[PDB]
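Asker: Below is one structure. I have some questions about it.
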Amino acid sequence: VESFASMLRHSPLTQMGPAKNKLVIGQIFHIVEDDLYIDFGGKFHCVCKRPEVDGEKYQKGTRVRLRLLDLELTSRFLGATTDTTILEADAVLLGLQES
Amino acid sequence: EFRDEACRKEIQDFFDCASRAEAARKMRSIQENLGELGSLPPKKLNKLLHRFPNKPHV
């Protein structure tokens with residue numbers, strides 16, 4: 001039986017370090033007319049817009065490349081006891097995954 | 001001597017300005033509500049804020 005502490009040490013999330021400026025691949029699980037809901041393995045799902053080039057091949061289950069900036073968008077405003085989360089993540093599109 | 005026998009050029013422009021001002025005044029109200037100048041109307045912002053309210057208590 002592997003102790004839980006050992007699992008965190010070798011987990012890919014811990015090996016990433018800071019989430020800012022990290023090249024992480026993700027998979028699309030929901031498609032709107034202009035918004036691509038991408039899951040990159042983090043806690044939440046980042047949202048990006050379809051690029052004007054090769055936009056027809058961004059379908060469900062397609063793998064894309066992301067540049068994570070904040071793992072979870074969250075800020076504190078005055079008069080708020082607890083921070084108001086956005087339940088999303090911030091990322092940008094660098095293209096499609098090169099199979 | 002208050003005769004428009006030679007003021008025709010000025011009289012027409014005064015009518016043109018009145019029509020021009022009338023057109024802009026009777027159309028500004030309707031379009032400005034949804035034009036939004038790039039910023040959402042007050043009704044949309046109120047709904048957006050209600051989805052992510054502020055927490056003074058607890």
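Following the order of the structure tokens, first chain is A, next is B, and so on, with residues numbered from 1 inside each chain and ligands from 1 in the order they appear.
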What are the DSSP helix (DSSP H, G or I) residues of chain B, as a ChimeraX atom specification?

Answerer: /B:8-25,28-38,42-51

Asker: Mind writing the picked residues with N, CA and C atoms as a compact mmCIF listing (two decimals), in the first residue's frame?

Answerer:
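Generated file (result_8.txt):
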# COMPACT_ATOMS: atom_id res chain seq x y z
N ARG B 8 -33.36 83.01 -48.82
CA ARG B 8 -33.75 81.63 -49.10
C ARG B 8 -32.66 80.64 -48.71
N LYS B 9 -31.40 81.00 -48.93
CA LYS B 9 -30.30 80.11 -48.58
C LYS B 9 -30.25 79.87 -47.07
N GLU B 10 -30.47 80.92 -46.28
CA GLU B 10 -30.43 80.78 -44.83
C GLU B 10 -31.68 80.08 -44.30
N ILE B 11 -32.84 80.37 -44.89
CA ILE B 11 -34.09 79.78 -44.41
C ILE B 11 -34.06 78.27 -44.57
N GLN B 12 -33.59 77.79 -45.72
CA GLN B 12 -33.58 76.35 -45.97
C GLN B 12 -32.66 75.62 -44.99
N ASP B 13 -31.49 76.20 -44.71
CA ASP B 13 -30.58 75.57 -43.76
C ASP B 13 -31.19 75.50 -42.37
N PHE B 14 -31.93 76.54 -41.97
CA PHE B 14 -32.63 76.50 -40.69
C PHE B 14 -33.65 75.36 -40.65
N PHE B 15 -34.38 75.17 -41.75
CA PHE B 15 -35.28 74.02 -41.84
C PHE B 15 -34.49 72.71 -41.83
N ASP B 16 -33.36 72.68 -42.54
CA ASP B 16 -32.54 71.47 -42.57
C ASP B 16 -32.00 71.13 -41.18
N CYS B 17 -31.55 72.15 -40.44
CA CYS B 17 -31.07 71.90 -39.08
C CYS B 17 -32.19 71.39 -38.19
N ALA B 18 -33.39 71.95 -38.32
CA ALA B 18 -34.51 71.50 -37.51
C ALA B 18 -34.84 70.04 -37.80
N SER B 19 -34.84 69.65 -39.07
CA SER B 19 -35.05 68.24 -39.41
C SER B 19 -33.89 67.38 -38.93
N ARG B 20 -32.66 67.88 -39.07
CA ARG B 20 -31.50 67.11 -38.62
C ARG B 20 -31.52 66.92 -37.11
N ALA B 21 -31.85 67.98 -36.36
CA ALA B 21 -31.95 67.86 -34.91
C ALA B 21 -33.13 66.98 -34.51
N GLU B 22 -34.24 67.08 -35.26
CA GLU B 22 -35.40 66.24 -34.97
C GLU B 22 -35.07 64.77 -35.15
N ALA B 23 -34.35 64.42 -36.21
CA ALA B 23 -34.03 63.03 -36.48
C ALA B 23 -33.16 62.44 -35.37
N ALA B 24 -32.14 63.18 -34.93
CA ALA B 24 -31.24 62.65 -33.91
C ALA B 24 -31.93 62.56 -32.55
N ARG B 25 -32.82 63.51 -32.25
CA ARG B 25 -33.48 63.51 -30.95
C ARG B 25 -34.47 62.36 -30.83
N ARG B 28 -32.16 58.76 -30.53
CA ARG B 28 -31.08 58.51 -29.58
C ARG B 28 -31.53 57.58 -28.46
N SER B 29 -32.77 57.75 -27.99
CA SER B 29 -33.22 57.01 -26.81
C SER B 29 -33.27 55.50 -27.07
N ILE B 30 -33.81 55.09 -28.22
CA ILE B 30 -34.06 53.67 -28.45
C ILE B 30 -32.75 52.91 -28.64
N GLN B 31 -31.83 53.47 -29.43
CA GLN B 31 -30.60 52.75 -29.76
C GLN B 31 -29.60 52.76 -28.61
N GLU B 32 -29.56 53.83 -27.82
CA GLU B 32 -28.57 53.93 -26.75
C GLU B 32 -28.77 52.87 -25.67
N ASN B 33 -30.00 52.36 -25.51
CA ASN B 33 -30.25 51.35 -24.49
C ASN B 33 -29.45 50.08 -24.75
N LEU B 34 -29.39 49.64 -26.01
CA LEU B 34 -28.72 48.40 -26.37
C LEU B 34 -27.40 48.61 -27.10
N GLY B 35 -27.04 49.86 -27.43
CA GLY B 35 -25.75 50.09 -28.06
C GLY B 35 -24.59 49.76 -27.14
N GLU B 36 -24.69 50.18 -25.88
CA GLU B 36 -23.88 49.72 -24.76
C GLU B 36 -22.44 50.24 -24.79
N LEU B 37 -22.05 50.89 -25.89
CA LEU B 37 -20.72 51.48 -26.04
C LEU B 37 -19.61 50.51 -25.64
N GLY B 38 -19.86 49.21 -25.81
CA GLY B 38 -18.94 48.18 -25.40
C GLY B 38 -19.09 47.70 -23.97
N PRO B 42 -27.20 48.23 -17.75
CA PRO B 42 -27.33 47.99 -16.31
C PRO B 42 -28.10 46.73 -15.96
N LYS B 43 -29.09 46.34 -16.77
CA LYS B 43 -29.85 45.13 -16.47
C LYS B 43 -28.97 43.89 -16.56
N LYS B 44 -28.09 43.82 -17.56
CA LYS B 44 -27.22 42.66 -17.70
C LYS B 44 -26.19 42.59 -16.59
N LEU B 45 -25.65 43.74 -16.18
CA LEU B 45 -24.66 43.74 -15.10
C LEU B 45 -25.29 43.33 -13.77
N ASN B 46 -26.54 43.71 -13.54
CA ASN B 46 -27.21 43.31 -12.30
C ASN B 46 -27.36 41.79 -12.22
N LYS B 47 -27.74 41.16 -13.33
CA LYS B 47 -27.85 39.70 -13.34
C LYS B 47 -26.48 39.05 -13.17
N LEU B 48 -25.45 39.61 -13.81
CA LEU B 48 -24.11 39.06 -13.67
C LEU B 48 -23.62 39.14 -12.23
N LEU B 49 -23.88 40.27 -11.56
CA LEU B 49 -23.46 40.42 -10.18
C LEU B 49 -24.23 39.49 -9.24
N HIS B 50 -25.51 39.25 -9.53
CA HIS B 50 -26.29 38.35 -8.68
C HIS B 50 -25.75 36.93 -8.72
N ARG B 51 -25.19 36.51 -9.86
CA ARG B 51 -24.62 35.17 -9.95
C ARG B 51 -23.37 35.02 -9.11

Asker: Please identify every residue of chain A that has at least one atom no more than 8 Å from any atom of chain B, counting only C-alpha atoms, and report them as a list in words.

Answerer: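 Matching residues, ligands excluded from the count: residues 79, 80, 81, 82 and 84 of chain A.
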
Asker: Write the residues of the selection above to a file with N, CA, C and O atoms, as a compact mmCIF listing (two decimals), in the first residue's frame.

Answerer:
# COMPACT_ATOMS: atom_id res chain seq x y z
N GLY A 79 -15.05 44.21 1.67
CA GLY A 79 -16.35 43.84 2.20
C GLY A 79 -16.72 42.39 2.01
O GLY A 79 -17.84 42.01 2.37
N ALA A 80 -15.82 41.58 1.47
CA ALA A 80 -16.08 40.16 1.24
C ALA A 80 -15.27 39.35 2.24
O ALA A 80 -14.04 39.42 2.25
N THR A 81 -15.97 38.58 3.08
CA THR A 81 -15.28 37.69 4.01
C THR A 81 -14.50 36.61 3.28
O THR A 81 -13.38 36.27 3.66
N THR A 82 -15.09 36.06 2.22
CA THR A 82 -14.50 34.98 1.45
C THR A 82 -14.35 35.41 -0.01
O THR A 82 -15.20 36.13 -0.54
N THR A 84 -14.48 35.41 -3.98
CA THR A 84 -15.52 34.99 -4.90
C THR A 84 -14.86 34.28 -6.08
O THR A 84 -14.24 34.93 -6.93

Asker: Between atom CA of residue A:31 and atom CA of residue A:83, what is the distance in Å, rounded to a tenth?

Answerer: 29.2 Å

Asker: Just give me the gap between atom CA of residue A:54 and atom CA of residue A:93 in Å, one decimal is fine.

Answerer: 12.6 Å

Asker: List the neighbours of residue A:67 out to 9 Å using only C-alpha atoms; skip same-chain residues closer than 5 positions along the sequence, and give me the result as a list in words.

Answerer: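 Listed by chain and then number, they are residues 20, 21, 22, 23, 24, 25, 90, 91, 92, 93 and 94 of chain A.
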
Asker: Just to confirm, what's the straight-line distance from atom CA of residue A:18 to atom CA of residue A:97 in Å (one decimal)?

Answerer: 22.8 Å

Asker: Let's see if you can do this: from backbone DSSP, list all strand (DSSP E) residues in stretch 10-67 of chain A, as an MDAnalysis selection string.

Answerer: chainID A and resid 22:31 35:39 46:49 63:67

Asker: Could the residues in this selection be written to a file with C-alpha atoms, as an mmCIF file, in the first residue's frame?

Answerer:
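This is the output file out27.cif:
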data_model
loop_
_atom_site.group_PDB
_atom_site.id
_atom_site.type_symbol
_atom_site.label_atom_id
_atom_site.label_comp_id
_atom_site.auth_asym_id
_atom_site.auth_seq_id
_atom_site.Cartn_x
_atom_site.Cartn_y
_atom_site.Cartn_z
ATOM 1 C CA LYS A 22 3.430 26.237 -18.352
ATOM 2 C CA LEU A 23 2.740 24.358 -21.589
ATOM 3 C CA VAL A 24 -0.071 21.919 -20.754
ATOM 4 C CA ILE A 25 -2.060 19.832 -23.240
ATOM 5 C CA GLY A 26 -5.806 19.477 -22.801
ATOM 6 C CA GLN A 27 -8.869 17.807 -24.266
ATOM 7 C CA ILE A 28 -12.080 19.499 -25.403
ATOM 8 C CA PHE A 29 -15.261 18.081 -23.873
ATOM 9 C CA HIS A 30 -17.947 20.624 -24.839
ATOM 10 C CA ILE A 31 -18.422 22.808 -27.919
ATOM 11 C CA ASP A 35 -16.430 28.895 -27.064
ATOM 12 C CA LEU A 36 -14.320 25.767 -26.537
ATOM 13 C CA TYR A 37 -14.591 24.251 -23.053
ATOM 14 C CA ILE A 38 -11.169 22.651 -22.549
ATOM 15 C CA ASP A 39 -10.169 20.318 -19.713
ATOM 16 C CA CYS A 46 -10.696 26.711 -19.095
ATOM 17 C CA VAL A 47 -12.609 28.451 -21.884
ATOM 18 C CA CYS A 48 -11.072 29.654 -25.147
ATOM 19 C CA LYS A 49 -12.354 30.946 -28.476
ATOM 20 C CA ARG A 63 -6.490 17.562 -28.024
ATOM 21 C CA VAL A 64 -5.036 21.085 -27.992
ATOM 22 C CA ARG A 65 -2.080 22.867 -26.401
ATOM 23 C CA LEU A 66 -2.516 25.456 -23.655
ATOM 24 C CA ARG A 67 -0.415 27.978 -21.744
#

Asker: Out of A:60, A:45, A:74, A:50, which residue has the shortest atom-to-atom distance to residue A:88 when counting only C-alpha atoms?

Answerer: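 Of all the options, A:45 lies closest to residue A:88.
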